[PDB]
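Asker: One structure coming up, written as structure tokens, with questions to follow.
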Amino acid sequence: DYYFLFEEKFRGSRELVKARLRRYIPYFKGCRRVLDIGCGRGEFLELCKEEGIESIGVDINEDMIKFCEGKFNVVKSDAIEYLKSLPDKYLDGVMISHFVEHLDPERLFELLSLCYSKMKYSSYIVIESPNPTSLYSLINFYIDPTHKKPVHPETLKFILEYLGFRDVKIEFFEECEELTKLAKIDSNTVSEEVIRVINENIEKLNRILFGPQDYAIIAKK
Amino acid sequence: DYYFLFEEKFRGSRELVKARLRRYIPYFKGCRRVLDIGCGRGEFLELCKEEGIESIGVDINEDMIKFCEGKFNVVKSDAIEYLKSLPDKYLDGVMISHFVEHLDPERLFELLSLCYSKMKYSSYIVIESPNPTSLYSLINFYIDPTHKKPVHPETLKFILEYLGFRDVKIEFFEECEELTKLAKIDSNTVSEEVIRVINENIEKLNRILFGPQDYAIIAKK
Amino acid sequence: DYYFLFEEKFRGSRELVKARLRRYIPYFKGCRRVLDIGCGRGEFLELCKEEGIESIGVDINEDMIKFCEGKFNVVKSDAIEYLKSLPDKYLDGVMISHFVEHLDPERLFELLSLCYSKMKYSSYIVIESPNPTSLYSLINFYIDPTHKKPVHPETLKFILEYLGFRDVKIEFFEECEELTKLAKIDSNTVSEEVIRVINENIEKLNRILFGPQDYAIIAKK
């Protein structure tokens, strides 16, 4: 089917994706009400079940749900709507992996606003999305047509900080492979200082051109 | 309140915005009917008052308007609606600062077309918007979720020339800080021919990656 | 009107445009039923007329069709609609030059599936459009307000491979001029490998920043 075949090719296998999600488990260990927004193939739900974490996944796509319903708890719904259908101080944790980029930028404030209200204190929200602050990924953001406009890390940090969240931190992941990045220079005949400045320019070039392809913003309370 | 805090953080303080607008005073010197489209926090209006320049601002934001009315002459209203309500050859000059990137693309032509019709002969029009022709700047263009498509300066120049405006000029401001830009190499030991070509390349790299963050297009009649 | 002056200014002369599409002719030689989608100023029509290749053009623009009807066979209509009015396995070939970016993302798939149906075995389809994998050309992409999201070469390749086309090749054209790109270094006072590595860094830079401005995806069957 279209989207499975699509993700499989440009996102990677479920094993691959699940491997990447491992890093975020510490923020949900032993949680009882973790919401997986836009769960898709249910890679996070599978992980959760494995780590002994209770969670529900939501997804507007009917096929992602047929895909997860058998092993996991999922509700075919619009996230914002589903969030309104929830009591305040309900939710335990919230995972939003590669979802916001697929969301109408106009409704971004309301989503996180609802998350704050439906989350109980000392809870963590994790938002993982493609990094548009590096040319390489920015270019690749256009491969998926269902993508809206790139979602900048700073806009996410600003909104949820404004909403009340604290500890807001930004982490970058999946960097470009060696072959793609520019190479640094060495020499025992060329001026150390000429060498030094050229490499700093290459570090700057590598950061803005071939920087990490993803990022994750984490917040608490 | 949201948008003030947002502007303060990403667009700068009022004092700063006001500072950067002094470059346009020569174009509205002694004018009495200047329209400030998307007046925002009123920085351009505050500048006009100090310069004895009469102007009125318009904005869709009731929050921005409430902030300005007790200070300057503003009117809550869509720009196109306001323009349409003016007689032709009425305005002394027009200022459009960081507005077009928020306007729906299909309404850009009309807006500008109306400016031409409602402007009297000899008047000046200034349009400042974030520069998308430089990477650093193109990335920051996505921080604001209310942004539409990046507005290229050549496209505006085309529209203006087409409407009958003349002496159209595109200038660029808000250069990137040397800390972020790549550095030119100074060297007494390496061949000048080689150093020269490396610095000319750094020059091209800096213009397309760390060039001016803003641009302004100025026209007349 | 607007669009003629606009293309003339930003795309180039009919002469120039004609010169660029000339390389796709071998795919439609001897053909009698080629479909040129979004014929524009009929530069592809004109070429086929010169090669004994029979083809019809379609466009949604009144003025573009008006420009053509004199020397070429064209019809004013939505491309999706024209295709549906044809029998399956009818077309000798399909040319889509600088059109997919002017199209609603959610209709792209329909369009291509229709092309597949309406084409007969072993026919060629060529899709030429702006290349967004190079900074230079994606910046210029925003000059045209009517442009939607950029269309990445890989997305087009995935869609039609999905539909059943094979031998899908992605090619790139219209490199930037030597004066715009970064120049390479050559000297004999500097260590060979220092020069070799800086140059391959330049090669990587020129690729992602000043590379091909156009891409053509070619498929058969």
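In the structure tokens, chains take the letters A, B, ... in the order shown, each chain's residues start at 1, and ligands count up from 1 in the order shown.
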Chain C residues within 9 Å of chain A, counting only C-alpha atoms: which ones, as a PDB file with N, CA and C atoms, in the first residue's frame?
Answerer:
```pdb
ATOM      1  N   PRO C 105      -0.581  19.435  -4.926  1.00  0.00           N
ATOM      2  CA  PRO C 105       0.071  18.195  -4.493  1.00  0.00           C
ATOM      3  C   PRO C 105      -0.812  16.960  -4.529  1.00  0.00           C
ATOM      4  N   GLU C 106      -2.028  17.092  -4.011  1.00  0.00           N
ATOM      5  CA  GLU C 106      -2.973  15.983  -3.971  1.00  0.00           C
ATOM      6  C   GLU C 106      -3.561  15.604  -5.315  1.00  0.00           C
ATOM      7  N   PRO C 132      15.108  21.363  -6.761  1.00  0.00           N
ATOM      8  CA  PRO C 132      15.198  21.944  -5.419  1.00  0.00           C
ATOM      9  C   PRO C 132      16.295  21.319  -4.559  1.00  0.00           C
ATOM     10  N   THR C 133      17.140  20.494  -5.164  1.00  0.00           N
ATOM     11  CA  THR C 133      18.198  19.849  -4.414  1.00  0.00           C
ATOM     12  C   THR C 133      19.477  20.688  -4.435  1.00  0.00           C
ATOM     13  N   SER C 134      19.376  21.868  -5.026  1.00  0.00           N
ATOM     14  CA  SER C 134      20.494  22.794  -5.082  1.00  0.00           C
ATOM     15  C   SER C 134      19.963  24.121  -4.538  1.00  0.00           C
ATOM     16  N   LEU C 135      20.661  24.694  -3.558  1.00  0.00           N
ATOM     17  CA  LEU C 135      20.230  25.946  -2.933  1.00  0.00           C
ATOM     18  C   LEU C 135      19.900  27.051  -3.927  1.00  0.00           C
ATOM     19  N   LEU C 138      16.525  26.364  -5.685  1.00  0.00           N
ATOM     20  CA  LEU C 138      15.306  26.365  -4.884  1.00  0.00           C
ATOM     21  C   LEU C 138      14.976  27.780  -4.413  1.00  0.00           C
ATOM     22  N   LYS C 149       4.615  23.721  -3.478  1.00  0.00           N
ATOM     23  CA  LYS C 149       5.781  23.242  -2.745  1.00  0.00           C
ATOM     24  C   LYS C 149       6.748  22.745  -3.809  1.00  0.00           C
ATOM     25  N   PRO C 150       8.051  22.777  -3.531  1.00  0.00           N
ATOM     26  CA  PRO C 150       8.921  22.276  -4.596  1.00  0.00           C
ATOM     27  C   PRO C 150       8.674  20.769  -4.766  1.00  0.00           C
ATOM     28  N   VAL C 151       8.875  20.259  -5.978  1.00  0.00           N
ATOM     29  CA  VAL C 151       8.692  18.836  -6.216  1.00  0.00           C
ATOM     30  C   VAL C 151      10.070  18.198  -6.296  1.00  0.00           C
ATOM     31  N   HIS C 152      10.362  17.341  -5.331  1.00  0.00           N
ATOM     32  CA  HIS C 152      11.643  16.669  -5.261  1.00  0.00           C
ATOM     33  C   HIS C 152      11.721  15.541  -6.297  1.00  0.00           C
ATOM     34  N   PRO C 153      12.888  15.361  -6.937  1.00  0.00           N
ATOM     35  CA  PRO C 153      13.022  14.293  -7.938  1.00  0.00           C
ATOM     36  C   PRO C 153      12.659  12.893  -7.418  1.00  0.00           C
ATOM     37  N   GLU C 154      13.052  12.588  -6.185  1.00  0.00           N
ATOM     38  CA  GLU C 154      12.796  11.283  -5.586  1.00  0.00           C
ATOM     39  C   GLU C 154      11.315  10.959  -5.399  1.00  0.00           C
ATOM     40  N   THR C 155      10.502  11.969  -5.103  1.00  0.00           N
ATOM     41  CA  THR C 155       9.072  11.741  -4.914  1.00  0.00           C
ATOM     42  C   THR C 155       8.399  11.338  -6.227  1.00  0.00           C
ATOM     43  N   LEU C 156       8.807  11.977  -7.314  1.00  0.00           N
ATOM     44  CA  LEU C 156       8.261  11.678  -8.624  1.00  0.00           C
ATOM     45  C   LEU C 156       8.668  10.275  -9.048  1.00  0.00           C
ATOM     46  N   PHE C 158       9.397   7.766  -7.040  1.00  0.00           N
ATOM     47  CA  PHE C 158       8.691   6.786  -6.233  1.00  0.00           C
ATOM     48  C   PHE C 158       7.252   6.599  -6.726  1.00  0.00           C
ATOM     49  N   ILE C 159       6.565   7.698  -7.011  1.00  0.00           N
ATOM     50  CA  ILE C 159       5.194   7.629  -7.486  1.00  0.00           C
ATOM     51  C   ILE C 159       5.026   6.809  -8.766  1.00  0.00           C
ATOM     52  N   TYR C 162       5.764   3.184  -8.457  1.00  0.00           N
ATOM     53  CA  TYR C 162       4.597   2.603  -7.811  1.00  0.00           C
ATOM     54  C   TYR C 162       3.496   2.289  -8.838  1.00  0.00           C
ATOM     55  N   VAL C 190      51.766  24.465  -3.203  1.00  0.00           N
ATOM     56  CA  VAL C 190      51.022  23.845  -2.125  1.00  0.00           C
ATOM     57  C   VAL C 190      50.946  22.329  -2.284  1.00  0.00           C
ATOM     58  N   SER C 191      50.997  21.633  -1.155  1.00  0.00           N
ATOM     59  CA  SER C 191      50.912  20.182  -1.115  1.00  0.00           C
ATOM     60  C   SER C 191      49.749  19.639  -1.945  1.00  0.00           C
ATOM     61  N   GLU C 193      47.866  16.830  -1.904  1.00  0.00           N
ATOM     62  CA  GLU C 193      46.659  16.386  -1.223  1.00  0.00           C
ATOM     63  C   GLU C 193      45.878  17.478  -0.528  1.00  0.00           C
ATOM     64  N   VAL C 194      46.543  18.573  -0.187  1.00  0.00           N
ATOM     65  CA  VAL C 194      45.820  19.673   0.433  1.00  0.00           C
ATOM     66  C   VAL C 194      44.891  20.234  -0.647  1.00  0.00           C
ATOM     67  N   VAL C 197      41.869  17.678  -1.614  1.00  0.00           N
ATOM     68  CA  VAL C 197      40.787  17.614  -0.644  1.00  0.00           C
ATOM     69  C   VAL C 197      39.972  18.896  -0.611  1.00  0.00           C
ATOM     70  N   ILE C 198      40.638  20.032  -0.735  1.00  0.00           N
ATOM     71  CA  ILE C 198      39.895  21.282  -0.740  1.00  0.00           C
ATOM     72  C   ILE C 198      39.038  21.315  -2.000  1.00  0.00           C
ATOM     73  N   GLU C 200      37.705  18.708  -3.677  1.00  0.00           N
ATOM     74  CA  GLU C 200      36.551  17.839  -3.608  1.00  0.00           C
ATOM     75  C   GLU C 200      35.554  18.385  -2.589  1.00  0.00           C
ATOM     76  N   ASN C 201      35.985  19.338  -1.762  1.00  0.00           N
ATOM     77  CA  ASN C 201      35.061  19.960  -0.814  1.00  0.00           C
ATOM     78  C   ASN C 201      34.282  20.977  -1.638  1.00  0.00           C
ATOM     79  N   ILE C 202      34.986  21.595  -2.578  1.00  0.00           N
ATOM     80  CA  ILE C 202      34.419  22.587  -3.479  1.00  0.00           C
ATOM     81  C   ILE C 202      33.387  21.904  -4.382  1.00  0.00           C
ATOM     82  N   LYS C 204      31.627  19.258  -3.616  1.00  0.00           N
ATOM     83  CA  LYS C 204      30.451  18.989  -2.790  1.00  0.00           C
ATOM     84  C   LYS C 204      29.669  20.273  -2.563  1.00  0.00           C
ATOM     85  N   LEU C 205      30.378  21.368  -2.318  1.00  0.00           N
ATOM     86  CA  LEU C 205      29.735  22.659  -2.107  1.00  0.00           C
ATOM     87  C   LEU C 205      28.969  23.105  -3.358  1.00  0.00           C
ATOM     88  N   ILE C 208      25.529  21.078  -3.879  1.00  0.00           N
ATOM     89  CA  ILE C 208      24.370  21.369  -3.059  1.00  0.00           C
ATOM     90  C   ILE C 208      23.993  22.841  -3.037  1.00  0.00           C
TER      91      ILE C 208
END
```
Asker: With chain B held fixed, move chain A onto it by a least-squares fit of all C-alpha atoms in order and give the output as a compact mmCIF listing (two decimals) with C-alpha atoms, in the first residue's frame.
Answerer:
```
# COMPACT_ATOMS: atom_id res chain seq x y z
CA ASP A 1 0.58 38.37 25.48
CA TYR A 2 1.61 35.88 22.80
CA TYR A 3 2.51 37.96 19.73
CA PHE A 4 4.13 40.83 21.68
CA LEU A 5 6.26 38.27 23.54
CA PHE A 6 6.96 36.58 20.22
CA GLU A 7 8.05 39.62 18.24
CA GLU A 8 9.99 40.90 21.24
CA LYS A 9 12.06 37.76 21.17
CA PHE A 10 12.52 37.17 17.44
CA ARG A 11 12.15 40.66 16.01
CA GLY A 12 13.80 42.61 18.81
CA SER A 13 12.73 45.55 20.98
CA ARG A 14 10.78 48.52 19.63
CA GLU A 15 13.86 50.71 20.11
CA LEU A 16 15.80 48.19 18.06
CA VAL A 17 13.16 48.04 15.31
CA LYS A 18 12.70 51.78 15.26
CA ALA A 19 16.46 52.16 14.98
CA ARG A 20 16.34 50.07 11.80
CA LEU A 21 13.48 52.12 10.32
CA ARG A 22 15.43 55.40 10.60
CA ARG A 23 17.01 54.85 7.18
CA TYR A 24 13.63 55.25 5.39
CA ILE A 25 12.54 58.60 6.82
CA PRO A 26 14.15 60.54 3.97
CA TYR A 27 11.47 59.08 1.66
CA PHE A 28 8.69 60.54 3.76
CA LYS A 29 10.01 63.82 5.15
CA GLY A 30 7.16 66.31 5.55
CA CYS A 31 4.52 63.96 4.11
CA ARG A 32 0.87 64.41 5.02
CA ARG A 33 -0.77 61.09 4.09
CA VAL A 34 1.61 58.23 4.80
CA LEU A 35 0.03 54.80 5.07
CA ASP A 36 1.71 52.36 7.45
CA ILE A 37 0.37 48.95 6.35
CA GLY A 38 0.48 46.33 9.10
CA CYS A 39 1.79 48.85 11.60
CA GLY A 40 1.86 46.34 14.49
CA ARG A 41 3.67 47.87 17.51
CA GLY A 42 3.64 51.20 15.70
CA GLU A 43 7.38 51.76 15.51
CA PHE A 44 7.14 53.65 12.21
CA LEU A 45 4.18 55.74 13.41
CA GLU A 46 6.24 56.80 16.43
CA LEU A 47 9.15 57.71 14.21
CA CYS A 48 6.84 59.64 11.85
CA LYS A 49 5.29 61.63 14.68
CA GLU A 50 8.80 62.43 15.87
CA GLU A 51 10.05 63.54 12.46
CA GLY A 52 6.93 65.61 11.94
CA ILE A 53 5.30 63.35 9.36
CA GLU A 54 1.56 62.68 9.23
CA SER A 55 0.57 59.02 8.93
CA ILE A 56 -2.08 56.41 9.59
CA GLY A 57 -1.45 52.77 10.48
CA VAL A 58 -3.61 49.75 9.58
CA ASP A 59 -3.60 46.31 11.14
CA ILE A 60 -5.97 43.35 11.12
CA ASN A 61 -4.91 42.58 14.72
CA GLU A 62 -7.13 44.05 17.41
CA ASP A 63 -4.34 44.06 19.99
CA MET A 64 -1.81 45.87 17.86
CA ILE A 65 -4.46 48.57 17.53
CA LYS A 66 -5.24 48.77 21.23
CA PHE A 67 -1.47 49.10 21.47
CA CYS A 68 -1.18 52.04 19.06
CA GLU A 69 -4.53 53.85 19.34
CA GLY A 70 -3.43 55.90 22.35
CA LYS A 71 -0.46 57.66 20.73
CA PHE A 72 -1.19 57.18 17.02
CA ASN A 73 -3.90 57.16 14.34
CA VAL A 74 -4.76 53.60 13.39
CA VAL A 75 -7.64 51.68 11.81
CA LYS A 76 -8.32 48.01 12.52
CA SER A 77 -8.78 46.74 8.97
CA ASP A 78 -7.71 44.42 6.18
CA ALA A 79 -5.20 46.35 4.08
CA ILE A 80 -6.65 45.58 0.65
CA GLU A 81 -10.15 46.38 1.86
CA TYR A 82 -8.94 49.56 3.57
CA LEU A 83 -7.19 50.51 0.33
CA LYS A 84 -10.40 50.10 -1.64
CA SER A 85 -12.07 52.40 0.91
CA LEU A 86 -9.71 55.15 -0.25
CA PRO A 87 -9.94 57.77 -3.06
CA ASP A 88 -7.40 57.53 -5.86
CA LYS A 89 -4.41 59.89 -5.85
CA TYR A 90 -5.04 60.16 -2.10
CA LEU A 91 -2.06 58.66 -0.25
CA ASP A 92 1.23 60.50 0.15
CA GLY A 93 3.59 57.68 1.15
CA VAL A 94 3.39 53.93 1.86
CA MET A 95 5.41 51.84 4.31
CA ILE A 96 5.11 48.05 4.26
CA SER A 97 7.54 46.66 6.83
CA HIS A 98 7.38 42.91 7.50
CA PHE A 99 3.86 42.49 6.21
CA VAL A 100 3.87 40.84 2.77
CA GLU A 101 5.37 37.67 4.22
CA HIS A 102 2.23 37.46 6.37
CA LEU A 103 0.02 37.93 3.34
CA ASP A 104 -1.70 35.36 1.16
CA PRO A 105 0.69 35.29 -1.82
CA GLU A 106 -2.38 35.17 -4.06
CA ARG A 107 -3.39 38.71 -3.03
CA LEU A 108 0.06 40.28 -3.52
CA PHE A 109 -0.66 41.80 -6.95
CA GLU A 110 -3.84 43.51 -5.83
CA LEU A 111 -2.19 45.10 -2.77
CA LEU A 112 0.50 46.92 -4.73
CA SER A 113 -1.96 47.57 -7.52
CA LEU A 114 -4.19 49.41 -5.06
CA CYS A 115 -1.19 51.25 -3.64
CA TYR A 116 -0.35 52.60 -7.07
CA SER A 117 -3.92 53.81 -7.63
CA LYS A 118 -4.31 55.38 -4.18
CA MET A 119 -0.91 57.07 -4.27
CA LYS A 120 -0.39 60.55 -5.71
CA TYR A 121 2.52 61.21 -8.09
CA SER A 122 6.18 61.41 -6.99
CA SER A 123 5.30 59.28 -3.93
CA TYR A 124 7.51 56.54 -2.52
CA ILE A 125 6.58 53.02 -1.47
CA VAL A 126 8.92 51.15 0.87
CA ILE A 127 8.65 47.40 1.35
CA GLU A 128 10.89 45.78 3.94
CA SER A 129 10.85 42.00 4.27
CA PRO A 130 13.09 39.07 5.33
CA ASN A 131 15.68 38.03 2.73
CA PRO A 132 15.09 34.46 1.40
CA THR A 133 18.04 34.68 -1.02
CA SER A 134 20.45 33.91 1.84
CA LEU A 135 20.24 30.51 3.61
CA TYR A 136 20.68 31.91 7.09
CA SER A 137 17.58 34.17 6.89
CA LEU A 138 15.64 31.64 4.80
CA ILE A 139 15.99 29.17 7.65
CA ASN A 140 14.88 31.79 10.15
CA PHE A 141 11.84 32.66 8.07
CA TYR A 142 10.31 29.47 9.46
CA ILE A 143 10.46 30.59 13.09
CA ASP A 144 7.30 32.72 12.75
CA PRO A 145 4.41 30.26 11.97
CA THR A 146 2.06 32.99 10.75
CA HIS A 147 4.54 33.39 7.89
CA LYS A 148 3.25 32.21 4.49
CA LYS A 149 5.80 31.55 1.75
CA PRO A 150 9.03 33.59 1.47
CA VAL A 151 8.68 36.77 -0.60
CA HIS A 152 11.50 37.10 -3.14
CA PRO A 153 12.84 40.62 -3.93
CA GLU A 154 12.67 40.01 -7.67
CA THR A 155 8.96 39.24 -7.58
CA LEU A 156 8.27 42.56 -5.85
CA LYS A 157 10.45 44.48 -8.30
CA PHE A 158 8.63 42.85 -11.21
CA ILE A 159 5.09 43.50 -10.03
CA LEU A 160 5.43 47.19 -9.14
CA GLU A 161 7.57 47.87 -12.22
CA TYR A 162 4.70 46.36 -14.21
CA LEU A 163 2.21 48.54 -12.34
CA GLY A 164 3.97 51.75 -13.30
CA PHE A 165 6.47 52.47 -10.51
CA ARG A 166 9.98 53.61 -11.42
CA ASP A 167 13.31 54.04 -9.60
CA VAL A 168 12.67 50.57 -8.20
CA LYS A 169 15.82 49.78 -6.23
CA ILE A 170 16.73 46.86 -3.95
CA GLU A 171 18.71 47.39 -0.76
CA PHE A 172 19.91 44.73 1.68
CA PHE A 173 20.33 45.15 5.43
CA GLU A 174 21.15 43.54 8.79
CA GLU A 175 23.99 41.24 7.81
CA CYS A 176 25.17 38.24 9.74
CA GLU A 177 27.71 38.92 12.45
CA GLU A 178 31.41 38.18 12.00
CA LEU A 179 31.37 34.97 14.06
CA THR A 180 28.68 33.44 11.81
CA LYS A 181 30.33 34.26 8.47
CA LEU A 182 33.20 32.14 7.20
CA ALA A 183 36.62 33.71 7.72
CA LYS A 184 39.04 34.64 4.95
CA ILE A 185 42.60 33.33 4.85
CA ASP A 186 46.03 35.00 4.83
CA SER A 187 49.51 33.52 4.49
CA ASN A 188 53.02 34.50 3.46
CA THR A 189 54.02 30.92 2.61
CA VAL A 190 51.00 29.67 0.65
CA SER A 191 50.61 30.73 -3.00
CA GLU A 192 48.92 34.13 -3.38
CA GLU A 193 46.80 32.73 -6.19
CA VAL A 194 45.75 29.66 -4.21
CA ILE A 195 44.86 32.08 -1.40
CA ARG A 196 43.00 34.40 -3.79
CA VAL A 197 40.73 31.74 -5.28
CA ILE A 198 39.94 30.19 -1.90
CA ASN A 199 38.81 33.59 -0.62
CA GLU A 200 36.65 34.27 -3.62
CA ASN A 201 34.92 30.96 -2.96
CA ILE A 202 34.41 32.11 0.65
CA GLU A 203 32.94 35.42 -0.52
CA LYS A 204 30.51 33.46 -2.72
CA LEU A 205 29.70 31.13 0.17
CA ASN A 206 29.19 34.06 2.56
CA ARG A 207 26.86 35.84 0.14
CA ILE A 208 24.50 32.91 -0.40
CA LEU A 209 24.82 31.37 3.08
CA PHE A 210 25.33 34.28 5.46
CA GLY A 211 24.16 37.26 3.46
CA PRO A 212 22.02 40.16 4.73
CA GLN A 213 18.92 39.03 6.64
CA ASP A 214 16.61 41.75 5.34
CA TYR A 215 15.95 43.79 2.24
CA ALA A 216 13.98 46.86 1.31
CA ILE A 217 12.65 47.67 -2.11
CA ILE A 218 11.98 51.35 -2.85
CA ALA A 219 9.96 52.82 -5.75
CA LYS A 220 8.69 56.28 -6.78
CA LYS A 221 5.77 57.93 -8.66
```
Asker: Identify all residues of stretch 31-210 of chain A in helix (DSSP H, G or I) (DSSP on the backbone) and supply them as a PyMOL selection string.
Answerer: chain A and resi 43-51+62-69+79-84+100-102+105-118+135-143+153-163+192-209
Asker: Could you go through stretch 35-103 of chain B and tell me which residues DSSP, when run on the backbone, assigns to strand (DSSP E or B), listing them as a PyMOL selection string?
Answerer: chain B and resi 35-37+55-59+74-76+91-97
